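Asker: Pasting a structure below so you can have a look.
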Amino acid sequence: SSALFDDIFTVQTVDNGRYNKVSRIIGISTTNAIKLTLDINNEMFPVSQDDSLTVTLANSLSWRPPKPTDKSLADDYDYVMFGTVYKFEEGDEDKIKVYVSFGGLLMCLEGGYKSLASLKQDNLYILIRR
Amino acid sequence: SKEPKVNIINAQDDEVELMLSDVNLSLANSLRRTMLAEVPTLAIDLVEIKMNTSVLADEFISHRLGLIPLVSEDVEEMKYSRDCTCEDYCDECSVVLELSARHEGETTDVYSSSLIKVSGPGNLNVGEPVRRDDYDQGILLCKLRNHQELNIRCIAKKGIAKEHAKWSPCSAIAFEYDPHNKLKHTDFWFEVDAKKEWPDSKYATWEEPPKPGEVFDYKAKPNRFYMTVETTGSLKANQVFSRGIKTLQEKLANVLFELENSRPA
Amino acid sequence: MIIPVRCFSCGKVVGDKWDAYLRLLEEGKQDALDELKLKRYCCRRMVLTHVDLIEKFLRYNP
Amino acid sequence: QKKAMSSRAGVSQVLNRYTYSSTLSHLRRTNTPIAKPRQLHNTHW
Amino acid sequence: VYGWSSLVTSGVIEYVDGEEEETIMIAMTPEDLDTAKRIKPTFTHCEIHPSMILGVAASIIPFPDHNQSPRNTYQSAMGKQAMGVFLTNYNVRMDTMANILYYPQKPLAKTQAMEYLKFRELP
Amino acid sequence: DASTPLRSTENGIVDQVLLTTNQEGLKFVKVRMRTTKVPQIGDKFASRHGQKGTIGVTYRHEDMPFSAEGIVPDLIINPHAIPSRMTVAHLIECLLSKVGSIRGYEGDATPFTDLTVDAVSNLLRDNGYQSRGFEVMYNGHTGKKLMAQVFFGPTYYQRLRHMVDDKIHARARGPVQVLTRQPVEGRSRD
Amino acid sequence: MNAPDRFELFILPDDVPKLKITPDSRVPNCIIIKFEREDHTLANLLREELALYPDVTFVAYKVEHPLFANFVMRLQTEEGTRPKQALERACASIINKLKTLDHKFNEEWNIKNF
Amino acid sequence: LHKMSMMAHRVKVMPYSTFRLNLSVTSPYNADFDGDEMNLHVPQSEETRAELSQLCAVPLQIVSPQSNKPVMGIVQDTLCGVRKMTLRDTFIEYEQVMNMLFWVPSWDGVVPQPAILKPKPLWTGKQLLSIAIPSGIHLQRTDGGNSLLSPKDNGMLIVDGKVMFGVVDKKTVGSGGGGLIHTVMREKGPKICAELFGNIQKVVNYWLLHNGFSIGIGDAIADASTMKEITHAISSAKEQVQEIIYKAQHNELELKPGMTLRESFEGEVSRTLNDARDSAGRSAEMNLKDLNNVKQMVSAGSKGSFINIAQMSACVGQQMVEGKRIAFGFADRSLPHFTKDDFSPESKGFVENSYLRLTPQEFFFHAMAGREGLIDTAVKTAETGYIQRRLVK
Amino acid sequence: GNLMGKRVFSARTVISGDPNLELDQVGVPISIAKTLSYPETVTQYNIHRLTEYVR
Ligand SMILES: [Zn+2]
Ligand SMILES: [Zn+2]
């Protein structure tokens, strides 16, 4: 029931290759080697080049409707997708990169410091803010 | 007054434009079709031809009369031949009509006006050859020459549009909502510009324009529907809406009633 | 082959409208449909396409 | 007739009456007693 | 008093069999010979009208000059199998099988040729 | 007996009987039977473009998809019968005829003339609807608009003969042949 | 020839209840209601007003096949709350909404001159 | 002519006068509904029946021994739509994601966690379409620029029986080799896979019922300037012909060994018009957006191809019989409307026009060309059957 | 003509596909089912149902 990632990146660019409602964006990390590739709903959450977003992951807080108005809300963000990750690739050196697909939305992460944080399970909630 | 609300626009005798707001499309639509198909009416159903020298065949005319619009005001205080305890038919559930046409005027025409009402109306608005024609003989049944005769005898009954189209009093019904595609319940086809190539609807003036600077609203739902209820006669454009609103209700009722009949046991 | 009572497509009556139409032509020399109250093409096509055979059939003897 | 069936059947048929354009067509028809003939030649224009 | 017999008795039109055809030069459009229309590319005779190279069948087909030819060839057959009115006296005819479409309807679109195929009166 | 029986698959109403002489002074008598035949979930139809097809089902007005105007289709053919058939004029007759519908003027489709798709489309924009035919439609079951638009427009359709009920045939041990003793041929003779 | 008699689209035939309710084993607290002689007109309307009782955990409906005028409605609710009830309620909420409608359309009408 | 031209079916008595068969079992018999009729036989012994259900059941037939691949896939509507529903842009909300899960009969009775929760809780086709795919179904693809994050959303990857990435169409659900069907049959069995159809169907067909889809002249018209860019690709192509005709009417060309000076003339004219026509269409192909319905019906793989678009929006093509452009039936000419010895393309049968927009000449040649076609489709039809019959006896 | 192939409990009509029929089904017009039969021997498992079908 813990978090598995926290880091702010900066939109290097936003791509809409023939998609009226979705854009695959990329951005590097502000701390370290860490790049980010992510598809996203430009309609629900607009985003242009050069933005300060905070990306998170982890597993926790059938599928109940709302009613949770009076319940947990690990939604302290403005975009929360659920999906699964498929391949665990190694890009030379000891640099790793996991691939996450959200029921149709692909994603790639890169770096090397979640050697005991990012698991190989299906669980995975993406979060973003500001 | 309360929940959903109406705001009639220009309304006449054969139409009833109006805006229905504060309702779920789901429910608007439901009412939509209910008018189109399940309001009790009154049409000729049984035809007992005696003589017929017309160039048209028996069942061809038979069809014709099935379509001729009859009165259906107090149609609700009549019973379905299926429930009436009378073998076949009677005054308490049917309207009988006569039709005699002798060719005398050396092309004589047969208009729905030429129908008699041989059975006892029991003093209730019903069984009348709805005429809206300028002269006074709406619906030309058929023509005949020199000495061609034609004797019928019609029997009208309740029934609905499900059972047959010859019933539903609706006949075309306009329905639109959110003229400015804000809900994005559509993806406009286009060669270059959707907006310029796609006709703007006369309905766009009772709702506010898009406004570019605004992002896509998502939490918004289909509220408000611009309609128009045309009528063919039988029932007054107003009723063809009321009664509709009501039958749908009667059904929603038994679903709750039928329910009860199943708790005791 | 006579006029069709009510339009197939939508349902609006149209039996009476025959003579009115075939008249607004011969005389008033006329659009006709539009004034006869036949809006949307469904019913429009109804009248504007009828070929009244009954006339010729009627030209036969007994 | 006779022991002479060595004739050709087809000449004279039963005039079509399904539709008007059916009948017209039928009268304006041609035959040809039996890969090149079936072709639409130029001369056919 | 000006038939087709006169259009011929004045040398304004000629009857060209297939053989004689060989040695003449025929002009299509009498006149002529927009980014929409179809691109168009000694004369002795001109064509009454190209849309006359068609026979009864195709004559009822709308824009036969816009379909895959093999299709036109099909409709060319199905027409002889639709319903309508084959005569008006039908009510005094004792023939096995015959069908009449309750209510006919001349088409919303037509061939100028239909005018001689009495099609508008027998859809 | 030499009396005549109404064909087993048939039925209707007598429409005209008549007695008559023969060259040989014999008694000639023909009988005519009538029947109204209604279109059924199987009967064949087609336009004038080799666009033949049969009925798969029949829905009503409610169930039917529709356009704001009210106007609803009488027929719904599949967009798939267009791409490989290539018969485009079909598509054109519709457009043109959707104008001739509104304009009252006869729409000429005649062969090689001076009428174009670009032209008709302009005439259709003067009347009110999309310049290409397409119209918005709301799904007859839910009322919600259709994410797409449709090529809705009046087209001529011939009702080819060949109705199901003249073909439907089923047998289990019926009239056996004589020489062979096998069944007999044809649905008419069972 | 093989087509039913029209009146089979609304009349219940020999011993048949509008409703037949069956418990669903697939998941807990769930049911499938068979509505006889009905359609979207009434189905979708009931389906709808149930995603309104945020106390209903599930609600979809369907027409098995178009030849037959019937339809199945599946409902699942929160703990110790019977769906049948939620069906009643969501069903009643429906009539009221319409009761109001009828009324609001009648006073409105009278105020017309044409 | 197939082991599959006859198959055992489960009987379902229904109303209305007609045999109602499933779509996916269409291509085996090779039927359509334009009037086609079907014969039905009824077993009579207790074993006769068994023999019919244990070896001739439709489910057993899914993988055809003649081409060691299935022989029944998802056709028309179901195919075409399954494609749309898959795109990253395709999203569905609760109200419908529910009525969709309901239509899948095997549904576990569990709504899968939304592919989106943030503002609005939505799902994507890829998600729900997947509820139809049984557990343990592993599928991997790779088209062109396809790599574990398929940019153009190519390829296909399904793990544990859930679509991970890529769009679904003819390639992934057709009567093809890798075929998700071919795989589900092999991995789960005749039964499980046979059910798979109905589901993938029921969900999709339903969805399409609501998303709608159509086609109209509008799908066949080319951009304002493209229709021009083409015209002059025929003009220039016309001169690259007038040019080699001048250079032939001067004996200024050598005979490519083995060919006649004349034949070699054709060989170029033909190769000139063909390459012309080839791009004429290709200009429009890339000129039809990802919204053009006709295009859509081609990508899905449910009907028609490039060629088709071409002949309808660009150039119809060159007509031909017996392999050579419209002959000289009339001494030294195509039609009497032509000057003798005209070897050009406007005479030999090259229809430069598009269906959307043929000239008499073009229109005619074209006919003479098709006429040859119709011919063998009406000859090879029974001679092929003889050759067949022999092999059998 | 008569031995290597003969006319044979069979029926034939017009097909139209139905998108709500399991892959392996085949909708048969009531009319036809009421025509084609099937010789099922009486057995103490189906006597009850058969005596009903017979009535
Ligand atoms: Zn009574
Ligand atoms: Zn109408």
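Going by the structure tokens order, chains are called A, B, ..., each with residues numbered from 1, while ligands are numbered from 1 in the order shown.
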Give me the residues of chain F that have any atom at most 6 Å from an atom of chain E; for each, the nearest atom pair and the distance in Å, rounded to one decimal. Use only C-alpha atoms, sort by chain and number, and format it as CSV.

Answerer:
residue,atom,partner,partner_atom,distance
F:48,CA,E:75,CA,5.4
F:49,CA,E:75,CA,5.4
F:50,CA,E:75,CA,4.6
F:86,CA,E:68,CA,5.8
F:87,CA,E:67,CA,4.2
F:88,CA,E:67,CA,5.5
F:89,CA,E:66,CA,5.0
F:97,CA,E:108,CA,5.1
F:107,CA,E:109,CA,4.4
F:108,CA,E:110,CA,5.1
F:109,CA,E:62,CA,4.9
F:110,CA,E:111,CA,4.1
F:111,CA,E:63,CA,5.2
F:158,CA,E:82,CA,5.3
F:159,CA,E:82,CA,5.1
F:160,CA,E:82,CA,3.8
F:161,CA,E:81,CA,5.9

Asker: Create the file for the chosen residues now, containing N, CA and C atoms and written as a compact mmCIF listing (two decimals), in the first residue's frame.

Answerer:
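Writing the result to part.txt gives the following:
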# COMPACT_ATOMS: atom_id res chain seq x y z
N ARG F 48 -31.16 0.44 -59.72
CA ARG F 48 -30.90 0.31 -61.14
C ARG F 48 -29.40 0.22 -61.37
N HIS F 49 -28.67 -0.26 -60.36
CA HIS F 49 -27.21 -0.36 -60.43
C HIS F 49 -26.62 -1.70 -60.05
N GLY F 50 -27.31 -2.80 -60.35
CA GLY F 50 -26.79 -4.11 -59.96
C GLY F 50 -26.60 -4.20 -58.45
N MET F 86 -18.36 -0.48 -57.03
CA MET F 86 -17.95 0.71 -57.73
C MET F 86 -19.09 1.52 -58.33
N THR F 87 -20.27 0.92 -58.42
CA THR F 87 -21.42 1.65 -58.94
C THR F 87 -21.57 2.95 -58.15
N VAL F 88 -21.05 4.05 -58.70
CA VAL F 88 -21.12 5.36 -58.03
C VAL F 88 -22.35 6.15 -58.42
N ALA F 89 -22.73 6.07 -59.70
CA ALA F 89 -23.91 6.76 -60.19
C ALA F 89 -25.02 6.55 -59.17
N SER F 97 -31.58 13.14 -56.85
CA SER F 97 -32.96 12.88 -56.45
C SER F 97 -33.34 13.49 -55.11
N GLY F 107 -35.25 15.59 -62.00
CA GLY F 107 -33.81 15.50 -62.00
C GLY F 107 -33.34 14.62 -63.14
N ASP F 108 -32.55 15.19 -64.03
CA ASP F 108 -32.04 14.43 -65.16
C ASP F 108 -30.80 13.68 -64.75
N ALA F 109 -30.76 12.40 -65.11
CA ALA F 109 -29.61 11.60 -64.80
C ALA F 109 -29.04 11.16 -66.13
N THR F 110 -29.81 11.36 -67.20
CA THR F 110 -29.39 10.99 -68.56
C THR F 110 -27.87 11.00 -68.81
N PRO F 111 -27.34 9.94 -69.48
CA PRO F 111 -25.94 9.70 -69.84
C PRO F 111 -24.96 10.84 -69.88
N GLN F 158 -36.47 -0.92 -57.47
CA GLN F 158 -37.37 -1.82 -58.17
C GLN F 158 -37.61 -3.04 -57.30
N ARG F 159 -38.86 -3.47 -57.20
CA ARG F 159 -39.14 -4.65 -56.40
C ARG F 159 -39.15 -5.86 -57.32
N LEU F 160 -37.97 -6.43 -57.51
CA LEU F 160 -37.79 -7.59 -58.37
C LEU F 160 -38.72 -8.64 -57.89
N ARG F 161 -39.16 -9.51 -58.80
CA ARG F 161 -40.04 -10.63 -58.45
C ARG F 161 -39.09 -11.55 -57.69

Asker: Just need the residues of chain B within 8 Å of chain G, counting only C-alpha atoms, so spit them out as a short mmCIF file (atom, residue, chain, number, x, y, z; two decimals) with C-alpha atoms, in the first residue's frame.

Answerer:
data_model
loop_
_atom_site.label_atom_id
_atom_site.label_comp_id
_atom_site.auth_asym_id
_atom_site.auth_seq_id
_atom_site.Cartn_x
_atom_site.Cartn_y
_atom_site.Cartn_z
CA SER B 1 -43.52 24.18 -11.21
CA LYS B 2 -41.32 21.10 -10.43
CA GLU B 3 -38.91 18.71 -12.22
CA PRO B 4 -38.59 18.68 -16.06
CA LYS B 5 -39.88 21.81 -17.82
CA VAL B 6 -41.51 22.87 -21.06
CA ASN B 7 -41.23 26.18 -22.95
CA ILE B 8 -43.53 25.99 -25.98
CA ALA B 11 -47.62 26.18 -31.70
CA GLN B 12 -50.67 25.47 -33.90
CA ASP B 13 -53.34 22.81 -34.58
CA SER B 26 -32.79 8.65 -22.29
CA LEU B 27 -36.22 9.78 -21.00
CA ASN B 29 -36.33 9.64 -26.38
CA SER B 30 -38.53 7.16 -24.55
CA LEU B 31 -41.42 9.65 -24.75
CA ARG B 33 -41.16 6.81 -29.55
CA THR B 34 -44.16 6.31 -27.27
CA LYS B 162 -47.29 -1.39 -32.79
CA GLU B 163 -50.19 -3.52 -34.11
CA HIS B 164 -50.21 -1.34 -37.21
CA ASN B 238 -51.58 18.71 -27.70
CA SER B 242 -50.11 14.47 -23.19
CA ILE B 245 -46.50 11.32 -21.62
CA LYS B 246 -49.22 9.35 -19.84
CA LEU B 248 -45.45 5.70 -20.93
CA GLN B 249 -46.39 6.35 -17.33
CA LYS B 251 -46.52 1.17 -18.40
CA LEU B 252 -43.97 2.29 -15.81
CA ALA B 253 -46.90 1.65 -13.47
CA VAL B 255 -43.90 -2.70 -14.01
CA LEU B 256 -44.37 -1.61 -10.41
CA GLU B 258 -46.89 -6.53 -11.76
CA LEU B 259 -44.12 -6.28 -9.18
#

Asker: Counting only C-alpha atoms and all ligand atoms, what are the residues, protein, DNA or RNA alike, that approach ligand 2 to within 7 Å? I want them as a PyMOL selection string.

Answerer: chain C and resi 7-12+40-44

Asker: What does the list of residues within 12 Å of ligand 1 look like if you count only C-alpha atoms and all ligand atoms, written as a list in words?

Answerer: residues 78, 79, 80, 81, 82, 83, 84, 85, 86, 87, 88, 89, 90, 91, 92, 93, 94, 95, 96, 119, 155, 156, 157 and 158 of chain B

Asker: Extract the full set of strand (DSSP E or B) residues from stretch 106-313 of chain H according to DSSP on the backbone, and format it as a CSV table (one decimal) with N, CA and C atoms, in the first residue's frame.

Answerer:
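Written out: part.csv:
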chain,number,residue,atom,x,y,z
H,122,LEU,N,-13.3,6.8,-17.8
H,122,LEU,CA,-13.6,6.2,-19.1
H,122,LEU,C,-12.9,4.9,-19.3
H,123,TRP,N,-13.3,4.2,-20.4
H,123,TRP,CA,-12.7,3.0,-20.8
H,123,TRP,C,-12.4,3.1,-22.3
H,124,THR,N,-11.6,2.2,-22.9
H,124,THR,CA,-11.3,2.2,-24.3
H,124,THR,C,-11.7,0.9,-24.9
H,139,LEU,N,-0.7,-13.2,-27.8
H,139,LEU,CA,-0.5,-12.9,-29.2
H,139,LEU,C,0.5,-11.7,-29.4
H,140,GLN,N,1.5,-11.9,-30.3
H,140,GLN,CA,2.5,-11.0,-30.7
H,140,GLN,C,2.5,-10.7,-32.2
H,157,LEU,N,-0.3,-7.0,-29.7
H,157,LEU,CA,0.2,-7.7,-28.6
H,157,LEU,C,-0.9,-7.9,-27.6
H,158,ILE,N,-1.2,-9.2,-27.3
H,158,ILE,CA,-2.2,-9.6,-26.4
H,158,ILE,C,-1.5,-10.5,-25.4
H,159,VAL,N,-1.5,-10.2,-24.1
H,159,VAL,CA,-1.0,-11.1,-23.1
H,159,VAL,C,-2.1,-11.4,-22.2
H,162,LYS,N,-5.7,-10.1,-22.8
H,162,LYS,CA,-6.0,-8.7,-22.7
H,162,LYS,C,-5.2,-8.0,-23.8
H,163,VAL,N,-5.9,-7.2,-24.6
H,163,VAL,CA,-5.2,-6.5,-25.7
H,163,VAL,C,-4.3,-5.4,-25.1
H,164,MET,N,-3.0,-5.5,-25.3
H,164,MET,CA,-2.0,-4.6,-24.7
H,164,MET,C,-1.8,-3.4,-25.7
H,165,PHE,N,-1.5,-3.7,-26.9
H,165,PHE,CA,-1.3,-2.6,-27.9
H,165,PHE,C,-1.5,-3.0,-29.3

Asker: Please indicate the distance in Å from atom CA of residue H:216 to atom CA of residue B:180, rounded to one decimal place.

Answerer: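 Interatomic distance, atom CA of residue H:216 to atom CA of residue B:180: 23.7 Å.
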
Asker: Could you list, as a compact mmCIF listing (two decimals) with N, CA and C atoms, in the first residue's frame, every residue within 7 Å of residue C:15, counting only C-alpha atoms and ignoring same-chain residues fewer than 2 positions away?

Answerer:
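around35.txt was written with the following content:
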# COMPACT_ATOMS: atom_id res chain seq x y z
N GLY B 138 -61.93 15.61 -47.41
CA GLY B 138 -60.59 15.06 -47.23
C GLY B 138 -60.38 13.59 -47.57
N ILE B 139 -59.24 13.30 -48.20
CA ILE B 139 -58.88 11.94 -48.58
C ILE B 139 -59.75 11.32 -49.67
N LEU B 140 -59.31 11.44 -50.92
CA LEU B 140 -60.03 10.84 -52.04
C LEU B 140 -59.83 9.34 -51.96
N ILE C 3 -54.22 8.01 -55.65
CA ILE C 3 -53.30 8.69 -54.74
C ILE C 3 -53.15 7.92 -53.43
N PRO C 4 -51.92 7.91 -52.92
CA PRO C 4 -51.60 7.22 -51.66
C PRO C 4 -51.94 7.99 -50.39
N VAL C 5 -52.93 7.49 -49.65
CA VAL C 5 -53.33 8.10 -48.38
C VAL C 5 -52.14 8.03 -47.45
N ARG C 6 -51.80 9.15 -46.83
CA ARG C 6 -50.66 9.20 -45.92
C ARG C 6 -49.34 8.78 -46.61
N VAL C 13 -51.00 12.51 -43.69
CA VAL C 13 -52.07 12.28 -44.66
C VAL C 13 -51.73 12.95 -45.99
N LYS C 17 -54.90 16.24 -50.62
CA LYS C 17 -53.98 17.06 -51.35
C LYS C 17 -53.85 16.73 -52.83
N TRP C 18 -54.39 15.62 -53.32
CA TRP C 18 -54.16 15.39 -54.75
C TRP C 18 -54.81 16.43 -55.62

Asker: Can you tell me which residues surround stretch 19-30 of chain C at a distance of at most 9 Å, considering only C-alpha atoms, apart from same-chain residues fewer than 3 positions away, and format the answer as a PDB file with N, CA, C and O atoms, in the first residue's frame?

Answerer:
ATOM      1  N   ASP B 133     -59.314  18.976 -45.380  1.00  0.00           N
ATOM      2  CA  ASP B 133     -59.339  19.403 -46.767  1.00  0.00           C
ATOM      3  C   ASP B 133     -60.032  20.774 -46.876  1.00  0.00           C
ATOM      4  O   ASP B 133     -60.973  21.056 -46.134  1.00  0.00           O
ATOM      5  N   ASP B 134     -59.561  21.628 -47.785  1.00  0.00           N
ATOM      6  CA  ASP B 134     -60.146  22.958 -47.945  1.00  0.00           C
ATOM      7  C   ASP B 134     -61.636  22.948 -48.299  1.00  0.00           C
ATOM      8  O   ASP B 134     -62.422  23.661 -47.678  1.00  0.00           O
ATOM      9  N   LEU B 140     -59.314  11.436 -50.918  1.00  0.00           N
ATOM     10  CA  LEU B 140     -60.032  10.842 -52.039  1.00  0.00           C
ATOM     11  C   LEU B 140     -59.831   9.338 -51.957  1.00  0.00           C
ATOM     12  O   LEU B 140     -58.730   8.859 -52.204  1.00  0.00           O
TER      13      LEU B 140
ATOM     14  N   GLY C  15     -54.142  12.289 -49.022  1.00  0.00           N
ATOM     15  CA  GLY C  15     -55.145  11.871 -49.994  1.00  0.00           C
ATOM     16  C   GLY C  15     -55.890  13.008 -50.646  1.00  0.00           C
ATOM     17  O   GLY C  15     -56.127  13.037 -51.861  1.00  0.00           O
ATOM     18  N   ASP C  16     -56.261  13.945 -49.791  1.00  0.00           N
ATOM     19  CA  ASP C  16     -56.982  15.159 -50.146  1.00  0.00           C
ATOM     20  C   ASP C  16     -56.133  16.055 -51.042  1.00  0.00           C
ATOM     21  O   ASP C  16     -56.586  16.571 -52.072  1.00  0.00           O
ATOM     22  N   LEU C  33     -46.456  22.194 -53.958  1.00  0.00           N
ATOM     23  CA  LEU C  33     -46.276  21.354 -52.780  1.00  0.00           C
ATOM     24  C   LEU C  33     -46.079  22.194 -51.531  1.00  0.00           C
ATOM     25  O   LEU C  33     -46.844  22.073 -50.578  1.00  0.00           O
ATOM     26  N   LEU C  36     -49.146  23.556 -50.286  1.00  0.00           N
ATOM     27  CA  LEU C  36     -50.040  22.455 -49.925  1.00  0.00           C
ATOM     28  C   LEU C  36     -49.625  21.905 -48.564  1.00  0.00           C
ATOM     29  O   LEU C  36     -50.297  21.040 -48.005  1.00  0.00           O
ATOM     30  N   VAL C  47     -46.242  12.930 -53.477  1.00  0.00           N
ATOM     31  CA  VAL C  47     -47.089  13.613 -54.463  1.00  0.00           C
ATOM     32  C   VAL C  47     -46.412  13.874 -55.799  1.00  0.00           C
ATOM     33  O   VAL C  47     -46.938  13.507 -56.862  1.00  0.00           O
TER      34      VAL C  47
END

Asker: So that I can check the surroundings of residue F:168, please list as a PyMOL selection string every protein, DNA and RNA residue that reaches within 9 Å of it, counting only C-alpha atoms and ignoring chain neighbours fewer than 3 positions away.

Answerer: (chain F and resi 164-165+187) or (chain H and resi 17-18) or (chain I and resi 11-14+32)

Asker: Name the closest residue to chain H among the candidates A:28, A:119, A:61, A:47; distances are taken between atoms, counting only C-alpha atoms.

Answerer: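 Checking each candidate against chain H, we get A:61 as the closest.
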
Asker: Please identify all polymer residues within 6 Å of stretch 18-24 of chain D, counting only C-alpha atoms, omitting same-chain residues fewer than 2 positions from it, and present them as a PyMOL selection string.

Answerer: (chain D and resi 16+26-27) or (chain E and resi 80+84-86)

Asker: Would you export the selected residues with C-alpha atoms as a PDB file, in the first residue's frame, please?

Answerer:
ATOM      1  CA  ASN D  16     -42.518 -11.275 -71.572  1.00  0.00           C
ATOM      2  CA  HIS D  26     -37.927  -8.834 -75.595  1.00  0.00           C
ATOM      3  CA  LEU D  27     -39.017  -7.639 -79.036  1.00  0.00           C
TER       4      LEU D  27
ATOM      5  CA  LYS E  80     -36.757  -7.291 -66.869  1.00  0.00           C
ATOM      6  CA  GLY E  84     -45.009  -2.323 -62.244  1.00  0.00           C
ATOM      7  CA  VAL E  85     -47.635  -2.208 -64.943  1.00  0.00           C
ATOM      8  CA  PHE E  86     -47.190  -4.066 -68.190  1.00  0.00           C
TER       9      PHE E  86
END

Asker: Taking only C-alpha atoms into account, which of B:103, B:72, B:56, B:189 comes nearest residue C:53?

Answerer: B:56

Asker: From the set H:148, H:358, H:259, H:286, which residue has the shortest atom-to-atom contact distance to chain A, counting only C-alpha atoms?

Answerer: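 With only C-alpha atoms as the atom set, the closest residue is H:148.
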
Asker: Compute the chain G side of the contact with chain I at 8 Å, counting only C-alpha atoms, and hand it back as an MDAnalysis selection string.

Answerer: chainID G and resid 2 64:65

Asker: May I ask which of the residues I:54, I:36, I:3, I:28 is the closest one to residue I:15, counting only C-alpha atoms?

Answerer: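 That would be I:28, the residue with the smallest distance to residue I:15.
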